[PDB]
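First residue of the sequence shown: 27, per the entry's author numbering; consecutive thereafter. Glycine is no exception: its CB is placed at the ideal position from the N, C-alpha and C atoms. These notes are about the structure you will find just below.
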Amino acid sequence: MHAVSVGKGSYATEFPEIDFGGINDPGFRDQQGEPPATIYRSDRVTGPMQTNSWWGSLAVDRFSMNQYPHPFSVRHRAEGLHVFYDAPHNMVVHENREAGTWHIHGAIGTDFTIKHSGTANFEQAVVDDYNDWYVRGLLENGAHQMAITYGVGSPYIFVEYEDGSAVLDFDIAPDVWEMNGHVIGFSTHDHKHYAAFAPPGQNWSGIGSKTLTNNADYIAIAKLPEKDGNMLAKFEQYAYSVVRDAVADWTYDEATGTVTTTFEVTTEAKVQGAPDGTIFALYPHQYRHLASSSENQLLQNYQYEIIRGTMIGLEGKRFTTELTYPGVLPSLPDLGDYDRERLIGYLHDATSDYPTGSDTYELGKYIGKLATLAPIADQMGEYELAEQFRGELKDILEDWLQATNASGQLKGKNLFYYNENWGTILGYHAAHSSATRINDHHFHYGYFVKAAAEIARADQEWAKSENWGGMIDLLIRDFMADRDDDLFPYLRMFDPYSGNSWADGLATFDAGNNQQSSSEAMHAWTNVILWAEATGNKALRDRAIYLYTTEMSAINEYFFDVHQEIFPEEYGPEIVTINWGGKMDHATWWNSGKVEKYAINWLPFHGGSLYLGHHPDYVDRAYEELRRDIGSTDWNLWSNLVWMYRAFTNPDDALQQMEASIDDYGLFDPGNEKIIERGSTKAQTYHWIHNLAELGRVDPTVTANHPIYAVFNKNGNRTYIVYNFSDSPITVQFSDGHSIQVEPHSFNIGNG
Ligand SMILES: OC[C@H]1O[C@@H](O[C@@H]2[C@@H](O)[C@H](O[C@@H]3[C@@H](O)[C@H](O[C@@H]4[C@@H](O)[C@H](O[C@@H]5[C@@H](O)[C@H](O[C@@H]6[C@@H](O)[C@H](O)O[C@H](CO)[C@H]6O)O[C@H](CO)[C@H]5O)O[C@H](CO)[C@H]4O)O[C@H](CO)[C@H]3O)O[C@H](CO)[C@H]2O)[C@H](O)[C@@H](O)[C@@H]1O
Ligand SMILES: OC[C@H]1O[C@@H](O[C@@H]2[C@@H](O)[C@H](O[C@@H]3[C@@H](O)[C@H](O[C@@H]4[C@@H](O)[C@H](O[C@@H]5[C@@H](O)[C@H](O)O[C@H](CO)[C@H]5O)O[C@H](CO)[C@H]4O)O[C@H](CO)[C@H]3O)O[C@H](CO)[C@H]2O)[C@H](O)[C@@H](O)[C@@H]1O
């Protein structure tokens with residue numbers, strides 16, 4: 027009646043009576059709630075609702091907030107759809123020295139408004155359909171309707187009218203520089219180039235005035251790369267092919283490591299003979315990895331400048347990208363030159379640690395910490411301590427994964443609840459608007475999956491579906507479901523076209539959606555790979571490999587700008603902390619200092635963190651910039667994270683800094699994260715830095731034909747690491763010709 031059994035656990039189906047623990051703080055109490063009752067979607071959109079999208083404000087606001095279907099920005103209003111393009115004169119880079127922040131952003135203006143001839147008083151805008159990256163927004167006023175189809179990577183906006191015709195309204199009269207009757211090429215007063223397309227015979231009127239009109243029930247708008255009539259002619263070819271379906275289909279080739287993704291649209295013809303295809307605008311993370319077979323479709327000189335650099339290309343029905351999955355590990359192995367008794371001391375010191383809150387995030391950080399300690403305890407021969415840590419993980423998870431208490435009533439805290447209205451699993455206690463805004467389910471639940479994966483590595487029985495594995499699989503479905511999931515939308519967190527996760531469930535900001543900790547996203551994907559490998563779930567594993575590998579490609583472009591092509595030259599920092607649809611910030615969601623505005627995109631450190639070391643020149647450049655700003659190696663906070671990061675390129679330096687300060691303070695103290703960040707430990711730090719000192723640099727030039735591995739290179743000497751989750755021994759072949767044998771449930775080397 028009020029909960030559903032899943033193996034030995036359960037989730038609530040009615041909102042629980044929350045146990046506030048006597049806490050009266052209104053912020054805390056307000057967090058223990060639900061997402062909005064009203065969803066602005068039509069009756070054509072049923073089942074679990076998509077969240078965490080670039081377009082989500084359309085579903086949550088009566089109209090919308092400002093959105094970034096690059097190359098455009100748009101927003102829905104009662105009067106119609108405002109369209110804007112950030113030109114170079116709209117873009118700024120600002121620094122607040124006192125705050126230690128930087129901001130790259132544009133403007134919230136209007137180049138023109140797409141209007142309906144019958145009304146400028148629409149009652150609302152709803153989601154009428156969506157696919158993997160386009161949305162169809164429907165402005166409604168009784169008989170009057172205007173359906174707008176648009177998307178990230180679409181230089182078209184398609185507009186379909188019921189009970190009226192087209193109007194384009196400008197504050198200052200545009201320059202119509204090409205008048206083909208039914209097709210016009212035009213520029214705003216400030217020289218931004220667009221085009222509009224109607225069916226043949228439906229001619230544009232009002233040329234030279236502030237208002238352009240057309241009798242058609244269909245128009246398209248395009249952003250033109252240049253004031254160029256040859257480009258206009260090309261845009262005409264696909265202006266009548268309205269995108270209805272759009273899918274990002276992927277494969278993982280386990281033998282080579284190649285993750286192949288094909289982006290395919292299906293269109294509906296608005297004039298006789300319109301082709302089945304479109305003009306895509308590709309982002310850097312896409313076109314830098316374009317498959318050979320798609321190269322012939324590139325429209326070479328078709329460039330658009332946006333927050334994320336230069337978009338380009340590309341015509342037709344589909345295109346394909348190719349990426350390389352680099353492996354992950356369950357932990358670093360025992361290969362460091364540490365004082366083993368010193369490490370054992372740190373492992374025991376860690377029993378003093380405790381969670382600094384009762385919510386899913388703080389509890390998550392704590393269980394992540396225990397899961398990281400357990401394999402290190404095993405390696406040092408502290409086997410009962412390792413079992414103690416895994417026992418504590420079991421006690422915590424077996425609590426959280428049951429929604430009912432001993433009497434069969436719903437609990438008031440430490441439980442999961444299925445919100446049916448949206449279709450999402452919410453955990454209470456909640457924080458960071460995980461429940462009220464559907465935020466951060468990857469960030470939080472990734473830690474629960476880490477804990478489960480460490481249990482499963484030692485105890486396959488616990489992890490069975492009929493035991494505790496069903497509830498873990500339910501949490502994973504919430505944040506990364508496959509298609510046709512009866513409870514959850516497809517790949518909730520991930521935007522397959524933008525290439526990254528979006529953290530905010532609702533997206534009701536004028537900068538679109540955002541993501542701060544890309545490393546906490548990569549942590550979630552890693553842990554699902556590990557969990558799925560441990561539990562024999564190939565389909566789930568491969569989906570997490572696709573996510574890990576794609577997200578990595580976006581991180582290296584938009585957070586790190588490893589290729590030094592995207593961030594403006596005048597932007598001082600060597601990282602963007604928070605990526606939005608519409609802007610980039612060197613800033614945090616909480617009040618922080620200098621280190622945190624870098625390290626929130628490094629933490630936590632774990633067996634999937636080696637992606638951070640693929641670009642040693644970047645690692646050096648970012649570290650040196652942070653050091654310059656600090657003015658020394660007296661890190662303001664989270665010193666251990668900076669040492670661990672530094673170890674990717676200079677472990678001698680990291681070791682020197684660590685030796686100097688790691689023992690400055692003693693046991694766990696929540697009031698002091700100067701030296702050890704609260705999700706980290708001395709044991710983890712010491713183990714990490716000494717391992718990288720012995721191993722050398724991450725070597726992404728070598729792949730393997732199994733997924734759980736890493737390759738390091740120290741002055742030309744390679745070390746090959748594999749962990750085998752199987753009951754049977756395996757042979758792993760590496761792309762440089764090397765091969766190794768691995769026994770069941772072990773590393774090939776450094777089991778300790
Ligand atoms: O060391 C002591 C110090 O530690 C800090 O903990 C760090 C922790 O905060 C950090 O968490 C990451 C987190 O940022 C991220 O979650 C965010 C989520 O926080 C964000 O919420 C925003 C609200 O912040 C915002 O607040 C509004 C406010 O800005 C405005 O001025 O006033 C309004 C008054 O009501 C207020 O509402 O509101 C918007 C909605 O409008 C919310 O969305 O939302 C984003 C998504 O949009 C979400 O991603 O993700 C993770 C947690 O889920 C974390 O990565 O993590 C660090 C490392 O673990 C911690 O060190 C404490 O916060 C400090 O208090 C301590 O002193
Ligand atoms: O200095 C001591 C105190 O500092 C603290 O932390 C600071 C921290 O709160 C701050 O967070 C930044 C966010 O405020 C910022 O949020 C922006 C939104 O406010 C804005 O909302 C608009 C809304 O105002 C308008 O009415 O409606 C719009 C929709 O129509 C809506 O968009 O949206 C922006 C995006 O569109 C959004 O950016 O977001 C920043 C990241 O981009 C955050 O960094 O950041 C400071 C720097 O890190 C922190 O110092 C503590 O919270 C206090 O307790 C301390 O006392």
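| field | Span separating the alpha-carbon of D56 from that of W615 | value | Using only the alpha carbons, I get a separation of about 18 angstroms.
| query | Which stretch, first to last residue, makes up the alpha helix (DSSP H) that contains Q57? | reply | Here the alpha helix (DSSP H) through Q57 covers 52 to 57.
| request: Taking all protein chains shown into account, decide if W203 is buried (16 or more other Cβ within 10 angstroms of its Cβ) or exposed. | output: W203 is exposed by the Cβ-count criterion.
| Proximity to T534 [Cα-Cα], best of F89, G168, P696, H374 | The option with the nearest alpha carbon to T534 is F89.
| Run of the beta strand (DSSP E) containing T284, from where it starts to where it stops | 284 to 295 is the span of the beta strand (DSSP E), which, as asked, contains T284.
| task | Taking only the alpha-carbon atoms, compute the straight-line gap between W230 and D243 and give it to the nearest angstrom. | result | Computed Cα separation, rounded: 13 angstroms.
| Helix, strand or coil: how does DSSP classify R567 here? | The answer is helix: DSSP assigns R567 an H, G or I state.
| request: Flag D536 as yes when its Cβ comes closer than 6 angstroms to any non-hydrogen atom of ligand 2, and as no otherwise. | output: If you check the C-beta of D536 against ligand 2, you find a heavy atom less than 6 angstroms away.
| task | Identify whether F41 lies in helix, strand or coil by the three-state DSSP scheme. | result | If DSSP states are grouped into helix, strand and coil, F41 belongs with coil.
| query | Beta carbon of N116: closer than 6 angstroms to some heavy atom of ligand 2? | reply | Of the heavy atoms belonging to ligand 2, none sits nearer than 6 angstroms to the Cβ of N116.
| Taking the C-alpha atoms as reference points, what is the distance between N563 and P359? | So the two alpha carbons sit approximately 24 angstroms from each other.
| request: Look at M548 and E577 and say whether their C-beta atoms are less than 7 angstroms apart. | output: In contact: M548 and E577 (Cβ atoms closer than 7 angstroms).
| Bridge partners - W203, DSSP secondary structure assignment | None; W203 has no bridge partner.
| query | Apart from the five residues just before and just after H641, which ones in its own chain have a Cβ nearer than 8 angstroms to its Cβ? | reply | Sequence-distant Cβ neighbours of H641 in its own chain, meaning closer than 8 angstroms and more than five residues away, are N582, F586, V588.
| field | 7 angstroms Cβ shell around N241 - same chain, five flanking residues per side excluded | value | The residues are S191, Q228.
| C-alpha distance - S180 paired with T286, whole-angstrom precision | Looking at the two C-alpha atoms, the distance is approximately 21 angstroms.
| request: Could you have a look at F261 and say whether DSSP puts it in helix, strand or coil? | output: In the structure shown, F261 sits in a helix (DSSP, three-state: H, G or I).
| said: For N731 and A507, I'd like the C-alpha separation in whole angstroms. | reply: Rounded to whole angstroms, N731 and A507 show a C-alpha spacing of 26 angstroms.
| said: To test your reading of the DSSP string, which unbroken beta strand (DSSP E) runs of 3 or more residues are found completely within the segment 507 to 579? | reply: The qualifying runs do not exist here; there are none.
| said: Considering only heavy atoms of ligand 1, does any lie closer than 6 angstroms to the CB of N553? | reply: No, ligand 1 has no heavy atom inside 6 angstroms of this Cβ.
| message | Helix, strand or coil for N122? Go by DSSP, reduced to three states. | response | Three-state DSSP puts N122 in a strand.
| C-alpha gap between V291 and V273, whole angstroms | Pairing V291 with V273, the inter-Cα distance amounts to about 7 angstroms.
| Buried or exposed (CB count within 10 angstroms, at least 16 for buried), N92 | It is buried - the Cβ of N92 has at least 16 other Cβ atoms within 10 Å.
| Where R647 sits in the DSSP three-state scheme | Correct three-state label for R647: helix.
| query | Can you tell me whether DSSP reads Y330 as helix, strand or coil? | reply | Residue state, collapsed to three classes: strand.
| Can you tell me where the beta strand (DSSP E) with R162 in it begins and where it stops? | Counting along the chain, the unbroken beta strand (DSSP E) around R162 starts and ends at 160 to 167.
| task | Compute the Euclidean distance between the alpha carbons of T347 and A307, then round it to the nearest angstrom. | result | Rounded to the nearest angstrom, the gap between the Cα atoms of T347 and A307 is 14 angstroms.
| request: Look up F738 in the DSSP assignment and give the residues it is bridged to. | output: Beta bridge pairing from DSSP links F738 with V724, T745.
| query | Nearest to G106 by CA position, among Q171, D158, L419, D254, is which residue? | reply | The candidate whose alpha carbon is nearest that of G106 is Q171.
| request: Please name the residue or residues paired with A246 in a DSSP beta bridge. | output: Residue pairing by DSSP places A246 opposite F184, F223 in a beta bridge.
| said: Assuming contact is defined by CB atoms lying nearer than 7 angstroms, are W669 and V621 in contact in what I supplied? | reply: Contact flag unset, no.
| Along the chain, which unbroken stretches of the beta strand (DSSP E) at least 3 residues long are found entirely within the segment 407 to 479? | Here the runs fully enclosed are 441 to 445, 450 to 454.
| query | Going by DSSP, what residues sit across from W80 in a beta bridge? | reply | DSSP, once it has assigned bridges, lists no residue as partnering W80.
| query | Can you pull the DSSP bridge partners for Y156? | reply | Its beta-bridge partners are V161.
| field | Opening and closing residue of the alpha helix (DSSP H) in which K343 lies | value | Under the DSSP assignment, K343 falls outside any alpha helix (DSSP H); it carries neither an H nor an E label.
| field | Alpha-carbon spacing of residue 22 relative to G353, whole angstroms | value | The requested residue 22 does not occur in the structure, where the chain is confined to residues 27 to 778.
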